[PDB]
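Just so we're on the same page: letters track the sequence lines, and every chain starts at 1. What's counted below: heavy atoms across the whole structure, side chains too, no hydrogens, waters or symmetry copies.
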Amino acid sequence: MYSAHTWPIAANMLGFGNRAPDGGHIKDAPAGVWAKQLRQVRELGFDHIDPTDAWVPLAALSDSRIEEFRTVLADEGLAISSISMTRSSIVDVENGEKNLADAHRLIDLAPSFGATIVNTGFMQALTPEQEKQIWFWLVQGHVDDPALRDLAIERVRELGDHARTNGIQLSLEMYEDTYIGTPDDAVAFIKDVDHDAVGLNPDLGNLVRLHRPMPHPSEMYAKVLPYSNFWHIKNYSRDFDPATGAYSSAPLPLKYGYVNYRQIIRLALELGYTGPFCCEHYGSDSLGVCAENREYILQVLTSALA
Amino acid sequence: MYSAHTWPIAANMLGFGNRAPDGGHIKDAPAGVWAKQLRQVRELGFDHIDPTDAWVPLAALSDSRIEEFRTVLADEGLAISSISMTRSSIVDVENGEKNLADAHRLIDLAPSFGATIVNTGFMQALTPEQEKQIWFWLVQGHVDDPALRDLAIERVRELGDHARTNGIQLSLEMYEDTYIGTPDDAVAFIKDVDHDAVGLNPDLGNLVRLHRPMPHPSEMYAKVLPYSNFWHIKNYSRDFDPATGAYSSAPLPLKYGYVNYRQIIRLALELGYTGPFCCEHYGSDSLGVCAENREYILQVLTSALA
Amino acid sequence: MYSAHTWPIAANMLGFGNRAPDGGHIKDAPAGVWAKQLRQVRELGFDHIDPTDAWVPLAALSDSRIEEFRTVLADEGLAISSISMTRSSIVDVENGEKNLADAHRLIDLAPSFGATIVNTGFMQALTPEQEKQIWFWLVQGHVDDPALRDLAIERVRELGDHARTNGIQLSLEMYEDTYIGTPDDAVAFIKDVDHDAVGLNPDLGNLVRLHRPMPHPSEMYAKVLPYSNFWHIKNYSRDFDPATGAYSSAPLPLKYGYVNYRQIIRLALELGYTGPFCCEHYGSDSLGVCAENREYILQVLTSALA
Ligand SMILES: [Mg+2]
Ligand SMILES: [Mg+2]
Ligand SMILES: [Mg+2]
């Protein structure tokens with residue numbers, strides 16, 4: 001596997017969004033604008049990023065703009081270890097075929113950067129009601145259509161074939177209200193896919209934040225880590241008040257939230273986990289917390305691998 | 001403007017209160033007692049303080065005691081960048097005229113320390129019911145009297161004239177249940193004041209903590225930052241449980257709470273903000289969290305100004 | 001007293017539990033297994049540990065296994081400053097006499113390690129319903145039997161006699177729903193015990209986390225610190241929503257929770273507190289947060305003792 005100091009721990013770029021400081025789309029911005037965003041990430045200690053598809057859209061750039069991007073990525077001291085598609089489901093009713101095609105494009109781009117994972121999930125656009133809430137997860141939004149599960153499996157396998165040929169893997173991001181929205185459902189889904197270049201991304205912070213019953217993360221992670229090839233890793237406080245029935249959660253650094261990631265990262269290692277990490281953190285100071293989380297993971301790994 | 005390393009980031013002294021370790025009033029204490037309190041602040045890395053009016057009452061000291069204070073302030077490696085009056089409203093029914101007179105005294109004292117802001121707000125004493133709560137903001141206390149708004153504007157302008165003559169500015173601290181207790185109300189108030197030596201202090205942590213509907217801080221800060229000349233800067237987690245209607249909040253470091261202060265400080269800069277900062281943090285380890293917050297702001301500024 | 005840099009600040013070992021990585025009991029593990037657990041603690045900066053009775057059971061080991069343990073403790077750069085029995089009440093109906101005997105054994109072992117405290121409390125096993133909750137403290141579990149208070153006092157005194165003879169002291173851990181589950185009850189209990197080698201352990205985080213009315217920690221600590229000889233020191237956010245009646249709490253570093261431990265540690269010192277500290281933190285990254293808490297305490301002490 002990697003050693004602690006070379007294990008990729010990527011900054012997820014979704015917090016930058018896709019608007020340029022001048023008001024247009026980031027896809028059209030001069031490379032120097034991209035460079036200043038990347039610089040903020042390097043300043044906080046990262047070696048790796050995950051550009052997502054919610055920042056500079058690599059699948060959409062011309063080949064010459066890809067090379068402009070490649071130059072500033074290197075100049076700013078960074079590399080891409082994974083590419084995570086966000087709210088771009090391959091079974092979106094309107095855009096699923098486009099999203100599938102973009103996923104294939106990202107599988108071809110990934111090896112050129114040295115990236116080893118393309119990640120997809122079944123989350124879709126936030127609904128208007130979700131956008132009004134203090135956090136989007138406070139109300140249910142998109143719920144996967146049961147009639148499209150077989151299509152989802154077919155398209156996952158198609159992507160996995162391409163990934164395998166390119167020497168990389170596809171990862172499937174666990175997310176609420178989707179085909180892979182509970183530990184048992186995720187396990188059954190990855191077993192049904194039956195593809196040696198596809199694995200889970202156990203982004204269980206997505207579940208721990210929810211105001212609904214949830215098994216303890218120790219139990220959930222033990223189920224899904226054996227099938228995991230990539231890891232969006234974030235934490236939340238979690239609380240409940242039996243007398244009222246109120247739940248609460250707050251995004252927090254890995255060290256401070258409800259999951260014990262010292263125990264869980266060590267468990268992952270024990271279970272043979274070898275995939276890259278990706279620090280995500282919706283809300284709060286997303287980038288600043290991700291940077292603390294990277295340092296945290298590096299200490300945990302250093303101790304566990306010594 | 002300032003550079004990142006010279007931008008004043010003051011420790012607010014209100015957490016020391018006004019009781020001396022021996023049991024009397026801090027106003028009567030030997031200068032060495034003041035020195036040991038100041039030393040705790042310097043030990044945590046600050047260059048600047050804001051004494052408030054809730055610690056050593058500078059407006060009340062004799063001139064010779066002011067010089068005693070000035071000596072220990074320098075000896076302990078600190079300087080005053082702003083002076084923030086607390087629960088000392090210039091339209092308090094009993095003490096408003098005294099508070100106005102004290103504000104004028106502070107405007108005369110400020111330049112001697114190199115301070116560039118005197119800050120006033122419309123908060124008043126906590127009520128007995130507020131004092132019984134886990135946090136004072138859990139119940140409504142003082143609510144400004146509509147019949148005194150014109151008097152408030154008149155007295156603000158009077159202070160602003162004095163500030164202008166002294167080469168400094170007055171700032172108006174946003175605080176719930178006052179004339180400047182919502183973004184729109186604060187904007188309308190500063191426009192009505194119509195004075196080029198008066199500005200807002202967008203202490204929006206005061207609002208984010210409240211168990212009531214509140215616009216997202218991105219939206220609120222965008223409205224008020226164009227009018228801001230000083231900044232009490234603090235954060236809170238913020239959560240809500242739709243099924244019960246319960247709200248919750250907890251004081252936290254800037255990096256960890258609901259506001260994204262990386263984005264918001266950069267926005268402020270983009271909007272031409274140049275005033276000093278003041279780290280405030282009611283509850284918890286107020287001084288310790290303020291010290292982390294200062295280091296946080298310095299990193300954000302360093303990156304944004306590089 | 002101690003100086004800041006020699007004041008013992010122990011890592012509580014209960015978060016390791018008593019299962020060995022291979023699946024058996026830690027009591028049977030090779031010393032090298034113990035060494036790797038101890039190493040994680042030293043890596044995070046500790047000089048001292050409190051083994052508890054929930055990790056390697058020192059009272060149960062043979063004398064030759066004690067010496068095996070002693071060797072790896074030294075090899076890994078650590079020492080024992082206190083031994084805290086957990087859910088091992090000396091008035092447990094089934095196991096009280098065994099627990100009493102084990103407490104005596106620990107009083108004989110403690111001086112050999114240089115430890116100055118053996119700590120006992122009246123908490124008992126978590127109930128099945130407690131084990132199902134998001135946190136055990138969300139539902140009431142064991143409640144002490146009033147008819148056994150006199151027996152408890154008798155057995156405390158018996159332990160205190162032994163402690164005194166051995167040049168150490170017994171501490172009594174405050175914990176909800178026990179004889180010492182409120183400040184007033186703890187004070188009355190320690191006064192009734194009337195023993196100069198017994199004192200309180202004011203683990204008031206145990207109370208601050210609870211979803212019930214609670215006096216402010218300033219008030220509670222002022223009552224119990226005069227009687228305290230040892231200190232399990234942890235923090236929680238604490239919040240309440242009057243409109244719904246919902247409470248919430250989350251384990252957090254000392255610096256970030258509801259108690260102001262800068263003020264409270266300084267108060268302790270003022271009140272003559274001289275006992276060792278023990279960093280405990282149930283849930284979250286227990287060890288990682290304890291390590292930050294140790295650094296925190298060392299800064300507070302350094303400033304207060306300078
Ligand atoms: Mg994710
Ligand atoms: Mg303020
Ligand atoms: Mg304890």
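For B/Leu252, the part lying near chain A is the side chain, with the backbone staying farther off; criterion is any non-hydrogen pair under 4.5 Å. When heavy atoms are compared at a cutoff of 4.5 Å, A/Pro251 approaches chain B solely by way of its backbone atoms N, CA, C and O. Only the side chain of B/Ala246 comes within contact range of chain A, with at least one heavy atom under 4.5 Å from a heavy atom of that chain. Both the backbone and the side chain of B/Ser303 come within less than 4.5 Å of a heavy atom in chain A. With a 4.5 Å cut-off on non-hydrogen atoms, B/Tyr236 does not touch chain A at all.
Rounded to the nearest 0.5 angstrom, A/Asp241 CG and B/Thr244 OG1 are separated by 8.5 Å.
Between chain B and the options A/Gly283, A/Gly15, A/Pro253, A/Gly245, heavy-atom pairs under 4.5 Å are most frequent for A/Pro253. Chain B forms the most heavy-atom pairs under 4.5 Å with one residue out of A/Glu292, A/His281, A/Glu43, A/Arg39, and that residue is A/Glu292.
Proximity of a side-chain donor or acceptor of A/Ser284 to a complementary backbone N or O of B/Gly257 within less than 3.5 Å is detected. In this structure, A/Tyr247 contributes its side chain and B/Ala243 its backbone to no donor-acceptor pair below 3.5 Å. A donor-acceptor pair is defined here as one N or O able to donate and one able to accept, closer than 3.5 Å; such a pair exists between the side chain of B/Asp239 and the backbone of A/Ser249.
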Stepwise side chain to side chain contact (heavy atoms under 4.5 Å, CB included) check, A/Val289 with B/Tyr256: CA-CA 7 Å; A/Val289 174; B/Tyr256 307 148; 4.0 Å; yes
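At a heavy-atom separation below 4.5 angstrom, chain A is approached by no residue within residues 205-227 of chain B.
Across all non-hydrogen atoms, the minimal contact from B/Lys255 to A/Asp285 is O-CB, 3.5 Å.
The shortest distance between side-chain heavy atoms of A/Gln133 and B/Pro242 falls below 4.5 Å.
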